[PDB]
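A quick write-up on the structure given underneath.
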Number of protein chains: 2
Amino acid sequence: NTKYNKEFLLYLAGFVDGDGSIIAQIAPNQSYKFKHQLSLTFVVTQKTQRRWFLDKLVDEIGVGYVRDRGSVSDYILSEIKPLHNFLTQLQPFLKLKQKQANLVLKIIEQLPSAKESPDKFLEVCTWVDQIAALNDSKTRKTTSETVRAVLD
Amino acid sequence: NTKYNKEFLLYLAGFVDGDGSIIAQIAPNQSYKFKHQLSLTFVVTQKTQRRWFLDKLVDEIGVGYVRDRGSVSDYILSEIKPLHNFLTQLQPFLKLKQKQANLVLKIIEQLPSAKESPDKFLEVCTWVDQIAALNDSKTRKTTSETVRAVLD
DNA sequence: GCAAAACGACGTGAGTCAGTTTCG
DNA sequence: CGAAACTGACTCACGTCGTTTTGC
Ligand SMILES: [Ca+2]
Ligand SMILES: [Ca+2]
């Protein structure tokens, strides 16, 4: 559990509100109990000629990694534990994505419960819909309504 | 000559490195002694549905305004001296556009003498080429090069 | 004659997902 | 099984200028 400097968090919260992304997804995957994986992702996108900035975040956040997708690169942090510790500290400084940040935090906290019950998992999927709605979601396919139909 | 709150500046700098833009332009205009106006502009672009964020900036920076362009809107600050005061205080916290911010300040401090000497005017235009160089310039037409219309 | 506002647009540089695979 | 990586791409939401006009 790394403790982050407020100055670094204040700046990062602004950069995140600008070019960052707090994403919650429901991925159909037949190897999971309820046939769907609950995926959470903290992302920061930037032109690849500026990847040093993203490479810099890896070092300062102390976790995560950068992937190059061509003309653009992404800083990615998926690990649940480090994501919770990070978002807890960043959250109070966010202005545009504070809500989704808190929704993610809530989900990580209900993960073990979600795995125990179909109605809890369904409820959590509902947390996901709200995050998507808060974002500028444009190509979403799997919603909680998709997960419900899975019943029988 | 307002003094801004440190934390407000930390966040804004991040947001600026994210969705902002420090623009320097040489705009051809016959009413000017040297046939070109030196234009400087601080801009923050955002989806129109999130215009509220841009309106809040107007109040917190205490100068400037927001313009609508359809799906997107912009917070714009062109006033030379308030811009200088603003950038001076923001500059120390920028990480991706700190260079262009300093160039703009340097350009401002030098405006009064560039109008005096044709060669000074050209050197300062060099400053705007540099700023464009630092940004992700893609549709630029007027450079210190074209300003060699001075040779006459 | 120049500061500052108005108005418009190119070509991305992002955001926000989807789908498939890995392996403790 | 399930956390986390890996590979992929749609649809913009931006960035970064250009031209023209207002106005003291
Ligand atoms: Ca943005
Ligand atoms: Ca950006």
Side-chain angles (χ1 to χ4, degrees), chain A residues 16-41 43-50 64-65 67-74 76-83 97 100 108 111 115 128 131-132 134-142, chain B residues 16-41 43-50 63-65 67-74 76-83 97 100 111-112 115 128 131-132 134-143:
Chain A
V16 161
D17 272 341
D19 294 332
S21 201
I22 295 182
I23 319 176
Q25 299 179 76
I26 296 173
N29 191 320
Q30 294 295 167
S31 70
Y32 291 63
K33 190 177 184 183
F34 300 122
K35 275 61 184 180
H36 299 81
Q37 159 178 42
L38 279 172
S39 173
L40 300 319
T41 318
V43 180
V44 173
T45 301
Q46 203 68 15
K47 194 171 183 183
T48 306
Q49 81 165 177
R50 249 118 60 193
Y65 66 89
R67 69 104 168 225
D68 298 294
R69 31 155 154 163
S71 60
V72 170
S73 293
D74 302 82
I76 297 77
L77 168 56
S78 315
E79 305 186 78
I80 310 303
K81 173 67 71 182
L83 180 56
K97 310 160 191 287
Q100 33 275 76
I108 283 68
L111 281 181
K115 181 178 71 296
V128 183
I131 294 185
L134 285 174
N135 294 323
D136 296 324
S137 189
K138 293 183 291 295
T139 62
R140 202 164 87 110
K141 290 184 186 173
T142 305
Chain B
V16 163
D17 275 350
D19 290 326
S21 193
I22 289 54
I23 319 303
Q25 305 188 68
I26 298 167
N29 189 313
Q30 297 296 161
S31 73
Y32 291 69
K33 177 185 181 177
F34 292 125
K35 312 300 185 172
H36 306 82
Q37 158 181 34
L38 279 178
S39 181
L40 305 168
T41 313
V43 178
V44 179
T45 304
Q46 252 282 176
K47 287 238 305 178
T48 301
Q49 68 176 287
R50 278 194 292 288
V63 57
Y65 64 99
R67 70 83 171 261
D68 232 74
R69 67 155 111 156
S71 54
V72 180
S73 297
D74 309 79
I76 295 162
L77 206 206
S78 305
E79 279 179 285
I80 300 299
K81 218 53 196 176
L83 173 65
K97 303 161 178 288
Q100 32 275 76
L111 273 190
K115 309 172 187 174
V128 330
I131 292 173
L134 292 169
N135 297 325
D136 289 330
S137 184
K138 297 187 285 289
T139 59
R140 190 159 156 98
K141 310 298 176 180
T142 305
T143 65

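No hydrogens, no waters, no symmetry mates; every other heavy atom, side chains included, goes into these values. Chain letters run A, B, ... following the sequence lines, proteins first, then strands; residues in each count from 1.
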Would you please say whether a donor-acceptor pair under 3.5 Å links the side chains of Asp19(A) and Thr45(A)?
no
For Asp17(A) and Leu38(A), find the nucleotide of DNA chain D closest to each by heavy atoms; which residue's nucleotide sits nearer the 5' end?
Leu38(A)
Test your reading of the model: is there a side-chain donor-acceptor pair from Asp74(B) to the backbone of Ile76(B), 3.5 Å cut-off?
no
OP1 or OP2 of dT16(C) versus the side-chain N and O atoms of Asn135(A): is any pair under 4.0 Å?
yes
Any donor-acceptor pair, under 3.5 Å, between the side chain of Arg50(B) and the base of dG15(C), if you only look at N and O atoms?
no
For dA4(C), does OP1 or OP2 lie under 4.0 Å from any side-chain N or O of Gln37(B)?
no
Which is true for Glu79(B) with a 4.0 Å heavy-atom rule: it touches a base, it touches only sugar-phosphate, or it touches nothing?
sugar-phosphate
With a 3.5 Å cut-off and heavy atoms only, can you find an N or O donor on one side and an acceptor on the other between the side chain of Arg69(B) and the base of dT16(D)?
yes
Is there a donor on the side chain of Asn29(B) or the base of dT21(D) sitting less than 3.5 Å from an acceptor on the other?
yes
Would you indicate, yes or no, if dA14(C) has its OP1 or OP2 atom less than 4.0 angstrom from a side-chain nitrogen or oxygen of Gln46(A)?
yes
Kindly indicate whether the side chain of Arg67(A) and the base of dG8(D) share any N or O donor-acceptor pair separated by less than 3.5 Å?
yes
Just call it for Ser137(A): base, sugar-phosphate, or nothing, with non-hydrogen atoms closer than 4.0 Å on any strand.
sugar-phosphate
Is it the case that the side chain of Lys138(A) and the backbone of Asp136(A) share a donor-acceptor pair, with hydrogens and angles ignored and the cut-off at 3.5 Å?
yes
Whichever of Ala27(B) and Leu134(B) has the more 5' nearest nucleotide on DNA chain D, that residue is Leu134(B)
Looking only at side chains, do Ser137(A) and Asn135(A) share a donor and an acceptor under 3.5 Å apart?
no
Donor-acceptor pair under 3.5 Å, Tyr32(B) side chain vs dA3(C) base:
yes
